[PDB]
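For reference, the structure discussed in these notes is given below.
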Amino acid sequence: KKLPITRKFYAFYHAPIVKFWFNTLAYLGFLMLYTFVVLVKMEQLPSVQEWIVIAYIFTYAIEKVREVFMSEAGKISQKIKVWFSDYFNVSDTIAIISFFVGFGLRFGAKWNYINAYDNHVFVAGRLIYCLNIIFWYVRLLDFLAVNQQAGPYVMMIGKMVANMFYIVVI
Amino acid sequence: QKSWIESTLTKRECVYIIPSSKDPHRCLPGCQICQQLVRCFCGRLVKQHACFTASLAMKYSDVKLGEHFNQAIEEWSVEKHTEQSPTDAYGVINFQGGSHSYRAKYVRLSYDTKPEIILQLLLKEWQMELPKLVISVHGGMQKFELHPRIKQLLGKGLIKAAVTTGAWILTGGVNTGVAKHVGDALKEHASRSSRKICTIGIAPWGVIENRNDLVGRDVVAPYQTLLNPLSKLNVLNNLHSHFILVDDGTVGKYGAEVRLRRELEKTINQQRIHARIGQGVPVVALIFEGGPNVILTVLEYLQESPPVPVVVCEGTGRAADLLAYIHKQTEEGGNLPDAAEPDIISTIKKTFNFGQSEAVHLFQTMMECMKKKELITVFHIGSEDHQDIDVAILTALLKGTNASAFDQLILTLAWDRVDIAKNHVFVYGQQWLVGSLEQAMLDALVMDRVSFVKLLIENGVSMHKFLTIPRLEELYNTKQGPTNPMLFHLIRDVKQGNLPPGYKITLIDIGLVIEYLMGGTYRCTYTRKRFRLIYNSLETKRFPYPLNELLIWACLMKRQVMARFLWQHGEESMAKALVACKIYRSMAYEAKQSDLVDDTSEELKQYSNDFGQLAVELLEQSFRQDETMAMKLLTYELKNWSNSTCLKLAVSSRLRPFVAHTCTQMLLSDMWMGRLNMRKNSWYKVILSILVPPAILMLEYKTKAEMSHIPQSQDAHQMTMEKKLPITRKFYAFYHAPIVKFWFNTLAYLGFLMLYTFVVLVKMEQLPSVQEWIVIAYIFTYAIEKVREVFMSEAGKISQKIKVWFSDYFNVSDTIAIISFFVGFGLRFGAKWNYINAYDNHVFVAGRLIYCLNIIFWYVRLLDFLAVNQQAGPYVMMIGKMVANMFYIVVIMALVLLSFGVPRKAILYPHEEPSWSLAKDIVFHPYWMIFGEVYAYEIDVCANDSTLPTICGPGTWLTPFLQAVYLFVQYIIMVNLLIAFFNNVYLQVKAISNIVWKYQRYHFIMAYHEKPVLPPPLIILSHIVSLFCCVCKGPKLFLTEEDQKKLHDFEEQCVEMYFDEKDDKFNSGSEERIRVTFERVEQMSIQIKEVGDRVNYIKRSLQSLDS
Amino acid sequence: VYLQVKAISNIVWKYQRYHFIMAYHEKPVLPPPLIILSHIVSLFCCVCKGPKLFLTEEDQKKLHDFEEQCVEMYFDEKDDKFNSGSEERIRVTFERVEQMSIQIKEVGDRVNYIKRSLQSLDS
Ligand SMILES: CCCCCCCC/C=C/CCCCCCCC(=O)O[C@@H](COC(=O)CCCCCCCCCCCCCCC)COP(=O)([O-])OCC[N+](C)(C)C
Ligand SMILES: CCCCCCCC/C=C/CCCCCCCC(=O)O[C@@H](COC(=O)CCCCCCCCCCCCCCC)COP(=O)([O-])OCC[N+](C)(C)C
Ligand SMILES: CCCCCCCC/C=C/CCCCCCCC(=O)O[C@@H](COC(=O)CCCCCCCCCCCCCCC)COP(=O)([O-])OCC[N+](C)(C)C
Ligand SMILES: CCCCCCCC/C=C\CCCCCCCC(=O)O[C@@H](COC(=O)CCCCCCCCCCCCCCC)COP(=O)([O-])OCC[N+](C)(C)C
Ligand SMILES: CCCCCCCC/C=C\CCCCCCCC(=O)O[C@@H](COC(=O)CCCCCCCCCCCCCCC)COP(=O)([O-])OCC[N+](C)(C)C
Ligand SMILES: CCCCCCCC/C=C\CCCCCCCC(=O)O[C@@H](COC(=O)CCCCCCCCCCCCCCC)COP(=O)([O-])OCC[N+](C)(C)C
Ligand SMILES: CCCCCCCC/C=C\CCCCCCCC(=O)O[C@@H](COC(=O)CCCCCCCCCCCCCCC)COP(=O)([O-])OCC[N+](C)(C)C
Ligand SMILES: CCCCCCCC/C=C\CCCCCCCC(=O)O[C@@H](COC(=O)CCCCCCCCCCCCCCC)COP(=O)([O-])OCC[N+](C)(C)C
Ligand SMILES: CCCCCCCC/C=C\CCCCCCCC(=O)O[C@@H](COC(=O)CCCCCCCCCCCCCCC)COP(=O)([O-])OCC[N+](C)(C)C
Ligand SMILES: CCCCCCCC/C=C\CCCCCCCC(=O)O[C@@H](COC(=O)CCCCCCCCCCCCCCC)COP(=O)([O-])OCC[N+](C)(C)C
Ligand SMILES: CCCCCCCC/C=C\CCCCCCCC(=O)O[C@@H](COC(=O)CCCCCCCCCCCCCCC)COP(=O)([O-])OCC[N+](C)(C)C
Ligand SMILES: Oc1ccc2c3c1O[C@H]1c4oc5ccccc5c4C[C@@]4(O)[C@@H](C2)N(CC2CC2)CC[C@]314
Ligand SMILES: Oc1ccc2c3c1O[C@H]1c4oc5ccccc5c4C[C@@]4(O)[C@@H](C2)N(CC2CC2)CC[C@]314
């Protein structure tokens, strides 16, 4: 029993297994809040739950920018071509961009003060939230794919969609 | 200085320069030519010494002014005027890659190295193993060219002597003469056996080329093998591993190592060959094509204590062949044959020109080498004489140097060579001492020498007289063999942690390990009263069954090859295999629950499955011979294994293929019948006879002779010892049959559900109805019986009874069902009634609703009753295995569910306060869509035929698109993925479920021998009697003594038939017949070509006799 | 199509654990609501100022000996499996029985050259 006290904290928080659950628990708490935001009535100013959501997706987007620039290959345009080759990285790009399109229409709109959803710009911003949240539930399969048993089925669903295309066309 | 070589080893330089004899060559101006060409008497010339002290003396003219008083010219000895100095050389001498990389080492040491220092060099520093044989090859330098035929035999024989004994081969090192032919033997038959072969070349630092390239402290130097045309010097041989290099003067001066190599042989022969054998390492001398100095070396070996023997070859043709010819024309140790000395000395001088003067001096050496014939082994090639020189090398260490046959046998034991021991130690006429063969057995068991245990048993050693208590104390307490590092962890677990540092293990301690591994109520023969008292006293000091005692030993010491051998010898073969399956299995479970750097649990688990497979294959062999006698083998007490049972041992091991084998299933099917002959009855008749007790007496039963293979109770046996079976016996036979106890509980259980379904569907008043009290009386008395199953089951530890019982599915489900019933009955019964309207009391509602939910437990429990059938049972066990296997597909289906419900609720209902109804609404409708409900008129809420016209609003046109995607993913992808999952996993889950069903009929059927006759509404009558007879005051298979004798003869006969048909199936396979053809056609190709050469030796006389 | 897509999906899943696990050696400790604390530090230490397997010199030597030994064992067991197969043993039998048929017929002719001298030396 070696490893004094301040060494055992470095060992824990830098283990990849710990970084995973420490991102997973934060992601599940994110969806619980972002499910609350989208089911409950939205007022003019965002709620405290809704700012936490925005703070997540914003800071989550910065980390995706960092993964691109600081990955492997010296050529900057070669960093791009590798990263847009994965499924959920393309899905994150659509999810991050469409959120701030939706937050922009939501937040930067002239309110009515007599009845909500007479502003069609605010409706369109809210309805993008309701559709953007699908990206973030399907992303739980991305978290579920760490398991030895679940993982191969998640990768299987995509391969079966491609293989049955022409039966579905018929 | 970070160099063990520098503190111990020695270079040495000729610091004092004496010139050559008299003459500088040419070139009149004498003042320059004394430096240009005149050598030192060292041997090298004056410009290469460099002499840090005498470098200041070479400027005058040289060291040591002139004529120097001619007696003093010779004065250079290597002791006086040749100064020692540190290392200058060690490293890898890696040869330039030919076939492979071929590394080696070198030292460059002195001549005056002490014999203890050179021995310290080879072992510790160079990480070499202490050998078991030294083959010092000796011959003549530079001669050459064996024949091709003789090159294969002498090549193959030298390798198989060294790789099968782990030998050192001492050569000359340099590529001239012998080492060229030693290494070419290594070229042909290497098979990377340099791990076992360590050829050590002892050369000088003289005639070797590129000596200055090897200069360096810890230098991996490259070394070339190119035949230098202009040169005549010698290179090292590439296929050596270690080099010892001795310098007396310098380049030239071709001898300094003859003493040091010989003194190395003295040091090895003084070392013990093994830490159990007092005999020293033998040294042999192999003689190829020789020379004049060879004859002085051969004679120096024979004239010594100990007399090192000599092996001489022939066919090469030199002094080697002289020793072949001189030894041939000579009987036992007398002087000479008829006077043919002019024929001998003439043959001596054709090798080297001596000329009748000192060729006579060779003859006094040839008459002392014909003298000691017993230590000389000639290998005649051309008549397969003595079969492959590796036999003849190792046989030569046994013929001479007269010693005991014990000394001959234990020498072969260290070499791990039985074919020498069988064919040259166990020959006819050899006389043995009284306790020598026993000491050989004790050595062979410890050293893990299985094939010598086989040889000593065949040649007279009895294990009954051999294996004593103190000797078997030793077999556990050895580190001089392959030991188990796990046995010491098992001993401290049963002695509460005390561990003294010496700690000779006792057999009282081993028995506590066996009882811990076998588990349950196992009691070894070491921890009983009879053994402890005779263990204090120290024939009765021997064992009655020794091979039961060693088979446990071999398993606990993790010696599998020894365990498979000791299993085949002795009685009770199928039982010992099931014990060993249990012993390794328990050690495999202890290995995982222990902090070791070496797990070795997968090795033990494989060893457990090997003996388990042997048990199944003996049951299959016994079942084919006689079905009835094989069922007796499953259930007779063993009397040497704690009165246990081959079923009880296999069920303890969870060895499923034995319990699921058709022999045990016939036995379980026959214990189910009891004394009913259900081959000529029907299940209609058993049920009818439960309801009509006088219909019992119209049922065909089984006789005493039709039940000799079925275990019974003690008092049930008394009923059989006496159309037999009078009236009051036929009632005992019926109501105690397990098949009858089943239907008599099943009918009571179905009547229970019919009542408890009535109670829960019909209105409940304040006081319980008569139907409802019967229900309570059932579950109460049913709960008492479950408490009795826990306490009175198997294992003495009360908390271990708990852990086994909560491991089954329906026993956990019964616990929840029994507890939640009385929670519900408590809220139901013990509540203040209202008397104006029922179900205004929320405590009574909650009690009733628990009944409505508790009844699900009792319908699902009908699957527990349905699982007795051969066809339904495996499907019930299959349902559970399929739920576990499809978990992660269903999880994905649940995330797709939430991916749709959350946006649909968000789009369609934009004006919601926080409520727990939101959790309901995002799950509810999307779940029912999986099951056929499209909600057709709630799609497109803005349509005219919509049933939700007020939900139409901004953006509700998105939801038909969302639901189209949802159901495509659910039915068309995920439901069909789940159909496909079950199809392609069906066969291997149906198969596993059949074995699991067949395995657990044992615990099922053996439970109904202990259950009472009477069902769980009336069972309280049986629990009064069970307390009455216990305070006031399982089954066995009975056999008479003439049926135990017939059973032991059956067990022995079926094992004999097992190994015979196993050997006949192997020897009659196509794989084995092809290779024995391959090996015989190989030998026939050798002979016919060699007979084809003899018949060509015939036609030389045809031309002669035709003349 | 289940078995061959389930099989391909297992290998693809196992392949991409590398890019997955080696990504989490470079990700920050702290999750994406609080990760902005880690991006300040990452810009602080960069402007102001992957993993390796360390081995001592006596462990590199033990590793190179292991690599060499396992390659030697590879070609030996590859040659022993080929020379011990039923296909190769039949043909080496085929080629030797062919040569033995040649020799015995040709030794069978020599022994017929012997019986010419039997009638001679019997006379
Ligand atoms: C590696 C790859 C993955 C990473 C991708 C990361 C990049 C993601 C990129 C995201 C950018 C997406 C576009 C932003 C929105 C513009 C469009 C729009 O509809 O605007 C609207 C809002 O117009 C405004 O002026 C208010 C916007 C407030 C700020 C929020 C948007 C920017 C945040 C971005 C933060 C992202 C940064 C994340 C960190 C880097 C315009 O319409 P309106 O004004 O509402 O209506 C006018 C009429 N009315 C007033 C009568 C109603
Ligand atoms: C091997 C393993 C398997 C075997 C497991 C076997 C053990 C199973 C264990 C079972 C025990 C389970 C708990 C019992 C009920 C207590 C909880 C409860 O809600 O009580 C209620 C009844 O309170 C009473 O005082 C009336 C209870 C009458 C007796 C029935 C319960 C005990 C029977 C147990 C017989 C089991 C023995 C079986 C044979 C051993 C309290 O609430 P209330 O008073 O209704 O309401 C008060 C307010 N009001 C008056 C205004 C309405
Ligand atoms: C073991 C394996 C794990 C299973 C998975 C997890 C299981 C899912 C767990 C879901 C959690 C439960 C949701 C209900 C939440 C509470 C409801 C409540 O408070 O009030 C509601 C009561 O309604 C009910 O109590 C009925 C709830 C709906 C039935 C759910 C069936 C399961 C379908 C899904 C199964 C697959 C799930 C797929 C997963 C994504 C009503 O609201 P109220 O405000 O009380 O009154 C409103 C008045 N009004 C009615 C007159 C209008
Ligand atoms: C980004 C990642 C963060 C990490 C997560 C932890 C940090 C986040 C934690 C807390 C932040 C909460 C916001 C602060 C304000 C509190 C007020 C409040 O919520 O009141 C509500 C109570 O609601 C709750 O108590 C929870 C509501 C969200 C549902 C999910 C809770 C769990 C999420 C996290 C934990 C699960 C973790 C699961 C995995 C282990 C009452 O409703 P209202 O607000 O009066 O009305 C709403 C109307 N409005 C919106 C129009 C105004
Ligand atoms: C504040 C309270 C905190 C706790 C609460 C939260 C609990 C935590 C969060 C979520 C639940 C997870 C708990 C079980 C984890 C088991 C460990 C395991 O084996 O993980 C495996 C999968 O690891 C994953 O992370 C799989 C995905 C789960 C997290 C993301 C949610 C998606 C699935 C659910 C979404 C909803 C489902 C639908 C119903 C609503 C990885 O391991 P393995 O390959 O099996 O091998 C074992 C060895 N190993 C671990 C070293 C790798
Ligand atoms: C108009 C009405 C429509 C009618 C119906 C028809 C339309 C609907 C049809 C199809 C919808 C399904 C979309 C998935 C298809 C992916 C295919 C694919 O290529 O996958 C790739 C990965 O992708 C995955 O592994 C997918 C994992 C996420 C699940 C998809 C979301 C579904 C659940 C949420 C839905 C919730 C529902 C509620 C929300 C609205 C794999 O590709 P590959 O072939 O293996 O290529 C080789 C590997 N390679 C990628 C590395 C090169
Ligand atoms: C625990 C194990 C026992 C073993 C079983 C045998 C012993 C059990 C046998 C008999 C016990 C019956 C109780 C005695 C009182 C009789 C009155 C009666 O029932 O009247 C009813 C007639 O109902 C019937 O005749 C049957 C009602 C139960 C349905 C199942 C019958 C078969 C169960 C057993 C045989 C099937 C065996 C199947 C397998 C071969 C009329 O209704 P009520 O009662 O006027 O109104 C109810 C209202 N209250 C409840 C609010 C008051
Ligand atoms: C190991 C086993 C543990 C068992 C623990 C025992 C649990 C005992 C628990 C509770 C005791 C209940 C007694 C009353 C308590 C105070 C409330 C009260 O008096 O009345 C209230 C009762 O409200 C309810 O909800 C009653 C039902 C609660 C039990 C819920 C099921 C628990 C068992 C799960 C299944 C078993 C699973 C177990 C399987 C393992 C209201 O009624 P009232 O007041 O009479 O008048 C009417 C309303 N009025 C006041 C407005 C007029
Ligand atoms: C008062 C009137 C009394 C009579 C009436 C009551 C009749 C009796 C009660 C019930 C019906 C059973 C009658 C058929 C029995 C056939 C015999 C047989 O082979 O049994 C097998 C299964 O044995 C079982 O017990 C299976 C489960 C049936 C009893 C429990 C009810 C669950 C299934 C139904 C629930 C509802 C279903 C849904 C529809 C509502 C066992 O045998 P085997 O492996 O096939 O091998 C034959 C050799 N052997 C017998 C030596 C082993
Ligand atoms: C919120 C809404 C939920 C949404 C849906 C999802 C939830 C529903 C999901 C699942 C429900 C099904 C439950 C059974 C699962 C058992 C799994 C298992 O491990 O089985 C074990 C035994 O178990 C059996 O053999 C089961 C036999 C009883 C049948 C189960 C009841 C179903 C019928 C009544 C239902 C009637 C319906 C009406 C009543 C309400 C076998 O385990 P194993 O893997 O083989 O392990 C190896 C062997 N070992 C055990 C010895 C170690
Ligand atoms: C894109 C694919 C090809 C399709 C091409 C064709 C379509 C072009 C694409 C999109 C069309 C978007 C506008 C259509 C609405 C017109 C009618 C209307 O007013 O509807 C509603 C508002 O609707 C809105 O305010 C729009 C909301 C924004 C939707 C965000 C993108 C949705 C698609 C996902 C992104 C796309 C990618 C998805 C992946 C495939 C009605 O609200 P209202 O105006 O207040 O009506 C009065 C109501 N009242 C009487 C009750 C008060
Ligand atoms: O092989 C077995 C053959 C027959 C039975 C069992 C066996 O094993 C048991 C087991 O295990 C299961 C696992 C999953 C699903 C069902 C079961 C079952 C069922 C069961 O509970 C059951 C019958 N009886 C009591 C019931 C009164 C008959 C007890 C023994 C039992
Ligand atoms: O083998 C892999 C094992 C585990 C994971 C991946 C693997 O490969 C990836 C990949 O590829 C897929 C293709 C089709 C369907 C699913 C995926 C996935 C999923 C995934 O996105 C995912 C987990 N994490 C991020 C998530 C935080 C965990 C990143 C890496 C990832």
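Every chain in the structure tokens takes a letter, A first, then B, and so on in the order presented; its residues are numbered from 1, and the ligands are numbered from 1 following the presented order.
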
Please find the residues contacting ligand 2 at a distance of at most 10 Å between atoms, with only C-alpha atoms and all ligand atoms counted, and report them as a PyMOL selection string. chain B and resi 776-777+779-791+802+805-806+811-833+841-844+846-847

Tell me, counting only C-alpha atoms and all ligand atoms, for each residue of chain B within 9 Å of ligand 3, which pair of atoms is nearest and how far apart they are in Å to one decimal, in rows ordered by chain and increasing number, as JSON lines.
```
{"residue": "B:890", "atom": "CA", "partner": "ligand 3", "partner_atom_place_in_ligand_line": "38 (C)", "distance": 8.8}
{"residue": "B:891", "atom": "CA", "partner": "ligand 3", "partner_atom_place_in_ligand_line": "39 (C)", "distance": 7.8}
{"residue": "B:893", "atom": "CA", "partner": "ligand 3", "partner_atom_place_in_ligand_line": "38 (C)", "distance": 7.8}
{"residue": "B:894", "atom": "CA", "partner": "ligand 3", "partner_atom_place_in_ligand_line": "40 (C)", "distance": 4.3}
{"residue": "B:895", "atom": "CA", "partner": "ligand 3", "partner_atom_place_in_ligand_line": "40 (C)", "distance": 5.9}
{"residue": "B:896", "atom": "CA", "partner": "ligand 3", "partner_atom_place_in_ligand_line": "40 (C)", "distance": 8.0}
{"residue": "B:897", "atom": "CA", "partner": "ligand 3", "partner_atom_place_in_ligand_line": "40 (C)", "distance": 5.7}
{"residue": "B:898", "atom": "CA", "partner": "ligand 3", "partner_atom_place_in_ligand_line": "40 (C)", "distance": 5.3}
{"residue": "B:899", "atom": "CA", "partner": "ligand 3", "partner_atom_place_in_ligand_line": "40 (C)", "distance": 8.9}
{"residue": "B:901", "atom": "CA", "partner": "ligand 3", "partner_atom_place_in_ligand_line": "40 (C)", "distance": 8.9}
{"residue": "B:915", "atom": "CA", "partner": "ligand 3", "partner_atom_place_in_ligand_line": "44 (O)", "distance": 6.2}
{"residue": "B:916", "atom": "CA", "partner": "ligand 3", "partner_atom_place_in_ligand_line": "19 (O)", "distance": 4.4}
{"residue": "B:917", "atom": "CA", "partner": "ligand 3", "partner_atom_place_in_ligand_line": "42 (O)", "distance": 4.0}
{"residue": "B:918", "atom": "CA", "partner": "ligand 3", "partner_atom_place_in_ligand_line": "15 (C)", "distance": 7.4}
{"residue": "B:919", "atom": "CA", "partner": "ligand 3", "partner_atom_place_in_ligand_line": "15 (C)", "distance": 4.9}
{"residue": "B:920", "atom": "CA", "partner": "ligand 3", "partner_atom_place_in_ligand_line": "14 (C)", "distance": 4.0}
{"residue": "B:921", "atom": "CA", "partner": "ligand 3", "partner_atom_place_in_ligand_line": "28 (C)", "distance": 7.5}
{"residue": "B:922", "atom": "CA", "partner": "ligand 3", "partner_atom_place_in_ligand_line": "40 (C)", "distance": 8.4}
{"residue": "B:923", "atom": "CA", "partner": "ligand 3", "partner_atom_place_in_ligand_line": "34 (C)", "distance": 5.4}
{"residue": "B:924", "atom": "CA", "partner": "ligand 3", "partner_atom_place_in_ligand_line": "33 (C)", "distance": 5.1}
{"residue": "B:925", "atom": "CA", "partner": "ligand 3", "partner_atom_place_in_ligand_line": "33 (C)", "distance": 8.1}
{"residue": "B:926", "atom": "CA", "partner": "ligand 3", "partner_atom_place_in_ligand_line": "34 (C)", "distance": 8.1}
{"residue": "B:927", "atom": "CA", "partner": "ligand 3", "partner_atom_place_in_ligand_line": "34 (C)", "distance": 5.5}
{"residue": "B:928", "atom": "CA", "partner": "ligand 3", "partner_atom_place_in_ligand_line": "33 (C)", "distance": 7.6}
```

Determine, counting only C-alpha atoms, which protein, DNA and RNA residues have an atom within 12 Å of an atom of residue 121 in chain C; residues of the same chain fewer than 5 positions away are not included. Present the result as a VMD selection string. (chain B and resid 1102 1105 to 1107) or (chain C and resid 114 to 116)

Set the distance at 9 Å and use only C-alpha atoms: which residues neighbour residue 959 in chain B once local chain neighbours fewer than 3 positions away are removed? I'd like the list as an NGL selection string. :B and (903-904 or 907-908 or 939-941 or 955-956 or 962-964)

Which chains and residue numbers are within 10 Å of ligand 9, counting only C-alpha atoms and all ligand atoms, if I want them as a PyMOL selection string? chain B and resi 669-673+676-679+681-684+686-691+738-740+742-751+859-873

Grab me every residue within 12 Å of ligand 4, counting only C-alpha atoms and all ligand atoms, and send it over as a count of residues only. 55
